[PDB]
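Peer 1: got an experimental structure here, sequence first:
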Amino acid sequence: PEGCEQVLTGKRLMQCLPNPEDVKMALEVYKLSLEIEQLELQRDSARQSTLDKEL
Amino acid sequence: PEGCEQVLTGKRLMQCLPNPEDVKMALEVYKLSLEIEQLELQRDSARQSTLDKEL
Amino acid sequence: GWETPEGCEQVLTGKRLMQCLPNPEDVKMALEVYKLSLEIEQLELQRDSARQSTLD
Amino acid sequence: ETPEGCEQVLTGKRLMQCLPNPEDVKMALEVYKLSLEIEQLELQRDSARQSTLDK
Amino acid sequence: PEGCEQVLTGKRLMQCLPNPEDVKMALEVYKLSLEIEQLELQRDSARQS
Amino acid sequence: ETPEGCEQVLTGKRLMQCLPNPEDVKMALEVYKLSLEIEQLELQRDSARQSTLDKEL
Amino acid sequence: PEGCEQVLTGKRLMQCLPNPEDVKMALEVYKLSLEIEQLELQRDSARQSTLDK
Ligand SMILES: [Cl-]
Ligand SMILES: [Cl-]
């Protein structure tokens, strides 16, 4: 049908792996990894504030 | 009733596939893929700046 | 002997929405799906308007 | 007893009594919240298809 | 150990009620209530504005 | 036998040892996080019931 | 597809530990810890506002 193009695209992605359920987890994990890296950067780039701002 | 238009729209989307439960997953997967891509861009466009910063 | 206590208007509203369908659990999914669809569309726009912007 | 620092918890607990089944309370709220968020998204969508017509 | 301070704090909160699982729900519900109120304000302040 | 790129994972794993049952660790954090988020929300709410007041009175 | 590269990357991460399900939890926990720290800072840097006036 029409309107379902988004769904089909997602469905196609679910075939990147044998268990489509594994696809979602893989992405969730990768996404976590990326978000964490940004968080680590913010944390460091703020301690680099306080450390210098102890100065 | 009336006020249920949003619900109906969602319900219609759930018919893009035989198993409506698959529809939600398909969308979640696609959404993950998009979000990840943006995260990758931000990551690259930041590693591209730490570099510039020291030249 | 039930009387709904005070400060529950939000709850009632949600409850009313749960009657848009025979099965209330189906209501939440329907909305979640629609919401996903909308968010995705926005994401697609941002993606296109970024492959385009800077393109010239 | 009930320790101090649990005021937030008690408030939530009180809300869970708006209905016979407390698990229904959380769902009711989640649904209403979804409805509100969707409405906002619909507005943004329209007010963007309109930027793209009105000029 | 150390670094576990956050965990301990959360653990302490889980003792606000006999069933710790009820604590998380209570908070989730309260949070929902607050978020909704904000959403309602934004909605009204847009139908107005 | 851990590869490289797994540093984030190891860190999380170490946190999971703050308590005997590891599943309890995640809940404890989720609860604490909720508490903090809520406090911020309450502040925003108060600082808006206050601000509109300053603007409109 | 530029689709499967993302998946592969995630899949590789799932091998940081013997049980891949543990990987996701470890990350979720770490992420929580980071978010909480930020929240604590915001809270303090706002109570430090409700001091000066
Ligand atoms: Cl409230
Ligand atoms: Cl993609």
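Peer 2: On my side now, so go ahead. Numbering: from 1, shown residues only, chains lettered A, B, ... in the order given. Ligands and ions are numbered 1, 2, ... in the order given.
Peer 1: quick check: closest non-adjacent residue to residue A:37.
Peer 2: If the residues on either side of it in the chain are set aside, residue A:37 comes closest to residue B:43, at 6.9 Å by Cβ to Cβ, 6 or more residues apart in numbering or on different chains. Backbone N, C-alpha and C define where each C-beta goes, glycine included.
Peer 1: the one you found against residue A:34, yeah?
Peer 2: Yes: if you go by Cβ atoms under 8 Å, residue B:43 and residue A:34 touch, sitting 6.4 Å apart.
Peer 1: so which of those two has more stuff around it?
Peer 2: The residue with more neighbours, out of residue B:43 and residue A:34, is residue A:34; 18 against 14, by other Cβ atoms under 10 Å in any protein chain shown.
Peer 1: could you measure that one against chain B, distance?
Peer 2: Separation of residue A:34 from chain B (Cβ to the nearest Cβ, to the nearest Å): 4 Å.
Peer 1: so how far is stretch A:30-50 off the chain centroid?
Peer 2: For stretch A:30-50, the gap between its own C-alpha mean and the chain's C-alpha mean amounts to 14 Å (Cα atoms, centre = their mean, to the nearest Å).
Peer 1: list the contacts of residue A:9.
Peer 2: With contacts defined as Cβ atoms under 8 Å, 6 or more residues apart in numbering or on different chains, the neighbours of residue A:9 are B:26, B:30.
Peer 1: let me know the helix or strand that it is in.
Peer 2: Counting by DSSP states H and E, the element that carries residue A:9 is helix A:5-13.
Peer 1: what residues sit buried inside the longest helix along chain A?
Peer 2: Determined from DSSP state H, the single longest helix within chain A is helix A:20-52. When neighbours are counted by 16 or more other Cβ atoms under 10 Å in any protein chain shown, the buried residues of helix A:20-52 are found to be A:20, A:22-36, A:39.
Peer 1: helices or strands up against that helix?
Peer 2: helix B:20-47, helix F:7-15, helix G:2-13, helix G:20-47 (3 or more Cβ pairs under 8 Å, 6 or more residues apart in numbering or on different chains; DSSP states H and E).
Peer 1: and the angle for the second one with helix G:2-13?
Peer 2: Pointing back at helix F:7-15 there. Relative orientation of helix F:7-15 with respect to helix G:2-13: 40 degrees, computed using axes from the mean of the first three to the mean of the last three Cα atoms, to 10 degrees.
Peer 1: nearest residue to residue A:7 in space, please, no chain neighbours.
Peer 2: Using Cβ to Cβ, 6+ apart and skipping residues adjacent in sequence, the residue nearest residue A:7 is residue B:16, 4.2 Å away.
Peer 1: counting neighbours, what do you get for that neighbour?
Peer 2: If we define neighbours as other Cβ under 10 Å, then residue B:16 has 23 of them.
Peer 1: wait, it sits on residue A:10?
Peer 2: No: counting by Cβ under 8 Å, residue B:16 stays clear of residue A:10, with 9.9 Å between them.
Peer 1: list the contacts of the residue in chain A that chain E sits nearest to.
Peer 2: Taking Cβ to the nearest Cβ as the measure, chain A has residue A:43 as its residue closest to chain E, at 13.4 Å. Neighbouring residues of residue A:43 by Cβ under 8 Å, 6+ apart: G:34, G:37, G:38.
Peer 1: follow-up on the earlier one: overlap in contacts of residue B:16 and residue A:10?
Peer 2: The overlap between the contact sets of residue B:16 and residue A:10 (Cβ under 8 Å, 6+ apart) consists of residue B:26.
Peer 1: doesn't residue B:17 make contact with residue A:7?
Peer 2: Yes: between residue A:7 and residue B:17 there is a contact under Cβ under 8 Å: 6.3 Å.
Peer 1: overlap of the contact sets of those two?
Peer 2: Each of B:23, B:26 lies in contact with both residue A:7 and residue B:17 under the rule Cβ under 8 Å, 6+ apart.
Peer 1: when those two are compared, which one has more neighbours?
Peer 2: residue A:7 (27 against 19).
Peer 1: check contacts around the closest residue to chain F within chain A.
Peer 2: In chain A, no residue comes nearer to chain F than residue A:36, which is 5.1 Å away by Cβ to the nearest Cβ. Neighbouring residues of residue A:36 by Cβ under 8 Å, 6+ apart: F:8, G:27, G:30, G:31, G:34.
Peer 1: try 6 Å
Peer 2: Contact analysis of residue A:36 by Cβ atoms under 6 Å, 6 or more residues apart in numbering or on different chains lists F:8, G:30, G:31.
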